[PDB]
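Alright, two takes on the same chain below, each alone as structure tokens: structure 1 and structure 2.
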Structure 1
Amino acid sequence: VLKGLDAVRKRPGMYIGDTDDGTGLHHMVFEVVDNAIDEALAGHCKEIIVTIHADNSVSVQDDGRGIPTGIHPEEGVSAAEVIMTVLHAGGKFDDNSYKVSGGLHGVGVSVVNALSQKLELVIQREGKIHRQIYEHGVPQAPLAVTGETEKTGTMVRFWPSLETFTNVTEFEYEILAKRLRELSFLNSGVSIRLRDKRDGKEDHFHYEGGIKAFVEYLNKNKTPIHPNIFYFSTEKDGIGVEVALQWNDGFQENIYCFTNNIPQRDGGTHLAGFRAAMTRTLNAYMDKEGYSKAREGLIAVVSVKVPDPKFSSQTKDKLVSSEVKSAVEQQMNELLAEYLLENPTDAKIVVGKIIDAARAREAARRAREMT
């Protein structure tokens, strides 16, 4: 009634992005994948399997607790159905402070359901298999028990509506793979598989130290100047901070900022805390070691898990959560100081690069005034 999918069908782009260039189409997958993975931080979901089917449908299978199946006393339909049909039911029902669900972005499976011509939901929970079918968001029958199972978890298979999605209606394996890998880099210990039924292509993304692995991927076609990547994965006051960095022989700076898996193009408090810690730590090391009074060649990832994050806008390109500056700055001041002393072979190379770049920047400015 009041809370429904009519809003979504009328203005799809507002919720998932542009429906005519393939961005919205691929985001449909990542809205399902975000609902799967958000259950990972508390240890419920351990493995997500994403499959591109021959019929241009995508299924997402997890091994979580399974979406609740109990009849909502007010709505009179299964808790999973309430979530699928009531636009914001999911985000409201979920207690998880780390899930970033808003009015338009990150709404979840209900958005996917609205723009899907058909949706199949399969829930393994309490030793029973529950199945449901949806057509343009309308259930065909109530969620029903079809069998028995030893496993728990949810499976959502969706067929994008062709009345919504134009021009690009086929999933690009590479778009899915790049984001699924990143998600596994940012959520260590989580297993994410990508399968393609059109050609048999598949990948498996699983890292025990995803933050380190992320910087090794960013530097694979580069020339790292020091052998040891500086990384850490800490949790303090409900704020998880992961950082990995390594200098290359290059002259560009590339810091990749993330807050609850969401990229921050324009940075924020996590970047600022990272920068302040690096300047204080490198200045402290150069002071103490005798080197007299944006960083060329830096490749870094700053990934935070913060409950209820705050952003500068609807785009979520700048993190504004003040407590995240301190949370990042504190840990990186402590642990990068330890890294420089524990790896003086690496620390010599890094400082050597910073000084040579300062010698070149100053001499290049002086060469301008010369002629």
Structure 2
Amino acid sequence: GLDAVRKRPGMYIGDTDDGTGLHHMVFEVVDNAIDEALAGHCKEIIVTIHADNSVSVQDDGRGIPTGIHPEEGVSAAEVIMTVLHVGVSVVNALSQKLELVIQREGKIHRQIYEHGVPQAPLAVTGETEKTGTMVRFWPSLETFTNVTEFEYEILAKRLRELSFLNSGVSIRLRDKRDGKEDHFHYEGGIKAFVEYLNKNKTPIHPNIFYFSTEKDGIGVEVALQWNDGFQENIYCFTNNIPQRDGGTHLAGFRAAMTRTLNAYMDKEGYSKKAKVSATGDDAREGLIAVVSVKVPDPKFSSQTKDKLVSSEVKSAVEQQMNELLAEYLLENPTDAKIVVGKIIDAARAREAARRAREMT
């Protein structure tokens, strides 16, 4: 139970050679800081890549409970830091050292670990006016072999997308090796995610379509905006975990996208005037989108979580999109007319190209 993680580290944290698992150590500690930010205590998180190949995550939350656990005997923090529910105990187990520092009441509680085992019990080092949780870990080279050094751009890209995915939360990334610094505090949320993806692009319409709904236990937050280009870029998420290969949520998004735009174009009479039938591929051209769904007990294809297979999430995303995208199209006719105008041109060009193949 306790030593099972050190034996098979790739099972609990992911690939230990290519750098996925090593950087996932930081993200698991960050996710716990973010979970406290979702509680409404932690307003700032400070990820720090230190000079000696170690990452720390200082937050300004209430702190990990120092309250003494009666069954175990040790503190409640030690239970969270060792006993499995991924969990921070996985990060603690696969680390040559882990410095835990908790600022709770007005007492700086400190604890050092080595390979998951604590060097001593949790003890009050000094006093403090502030409150928060700091965890600094040194990843074990026995576990992590090839990619051993932390990588700024990997932590940068994920902490930035975590800031979008967690509406109003501050993430600071500091690199003491070269003084490189970032501050991600995107208050716009997944709407601002779409802006960031479109900041170098040229949006053809101003109003970004957005919603955030909760039907049959499944949270569905979607934000999208077309651009002048012809590239589809839909970024899919399930409990803030990305999906590279897409999934059911992506399927329901695309399902509703096509139905809604076809239903609009046929009703308003755009397909009739154009003499052309539009497909999903045309509606997909130039699309940037984010689909952040919140599922309580989701199913994935594999432990990598690159594809979501929860069939309930498709129907959840599809019907919610279908109502609100249709509501968007009527309420924003200038955006609708610009978007539909691009889709008709894409449908005209495709059908003319297909007609060109057949006709000689």
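Structure 1's sequence is the ruler for residue numbers, which start at 1. By rigid core we mean the largest C-alpha set that fits within 1.5 Å across both forms.
Under the rigid two-part model of the rearrangement between the two structures, residue 239 and residue 312 move as members of one part.
This chain moves as two rigid pieces, and the smaller piece turns through 18° between the two structures. Taking the core as the fixed frame between the two structures, we note the C-alpha of residue 133 moving 0.2 angstrom. Taking the core as the fixed frame between the two structures, we note the C-alpha of residue 271 moving 3.9 angstrom.
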